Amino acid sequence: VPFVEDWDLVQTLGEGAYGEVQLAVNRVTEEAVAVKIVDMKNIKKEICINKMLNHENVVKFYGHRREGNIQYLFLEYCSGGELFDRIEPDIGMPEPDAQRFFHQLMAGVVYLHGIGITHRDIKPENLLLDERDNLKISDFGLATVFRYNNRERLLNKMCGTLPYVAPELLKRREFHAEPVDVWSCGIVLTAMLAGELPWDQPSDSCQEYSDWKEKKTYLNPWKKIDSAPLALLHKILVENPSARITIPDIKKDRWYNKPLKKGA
């Protein structure tokens, strides 16, 4: 199959700080891929981390190539687009769908954590869907190593996206990586079941966050959410990261294990 790497750019799939992501269609194979085209006039690290990842719930990395100041990253294309666009404003989505997506999210995150990588910016805009609605974690531009040679490193850089960030990132100088990812997964689950985000940020200066800590679940978004998934959100959206539920224990939750969706 000669000329297997020859692509034509057809559409702006997204747009970041450095550059954009484009859909690129192949020559002889006719393959489709996504290309992150960053204009340097960070990505070095983003490539290194990308080179480590091999999981069915992580957007696959193919390769890279620079031409002067413009670094190209060739990555798996996700024709289902962002999870963000499967969430109906003020409604969310059907609970069986949210559950499946959450199962796949946990699988992707467990994998990353297992190899000592934290994503640090999990949100529906970064969670993409393949042709069969399978969820793929993307955009490792903020990601970093939290474990190496079996030895955990505490994080201190504030980053991510405020509605999704865990409160210790706003309150403590140092914090453990994995609980921060767990928290953002909870915010994602809330958005899926409610079609709204619970607060601007989890600080005591935010009334919606204060309401949540006071357990006023008779307010939105919580009142839209069934008791079972809500009980899980109570365990995830815990202000103390050391008390917060861990992924092994999320996997044992009653809602997490509730039979909801028929197979294809």
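Between two forms, the rigid core is defined as the largest C-alpha subset superposing within 1.5 Å. Don't overthink the numbering: it's just position in the shown sequence, from 1.
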| item | value |
| --- | --- |
| Higher-deviation segment by CA RMS in 5 other deposited structures of this protein, core fitted, 67 to 75 or 168 to 176 | 67 to 75 |
| Unresolved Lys41 in a third or more of other entries flanked by modelled residues | yes |
| Of 182 to 190 and 142 to 150, the stretch whose C-alpha atoms average the higher B-factor in the entry | 142 to 150 |
| Mean temperature factor over C-alpha atoms, higher-scoring stretch between 197 to 205 and 62 to 70 | 62 to 70 |
| Residue with maximal Cα B-factor (values as given in the PDB entry) among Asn26, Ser227, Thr217, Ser210 | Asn26 |
| Chain-wide C-alpha B factor ranking for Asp121, given as lowest, middle or highest third | lowest |
| Chain-relative CA temperature factor third for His55 | middle |
| For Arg172, the third of its chain into which the C-alpha B factor falls | lowest |
| Third of the chain, ranked by Cα B-factor, where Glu15 sits | highest |
| CA B-factor ranking of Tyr77, expressed as a third of its chain | highest |
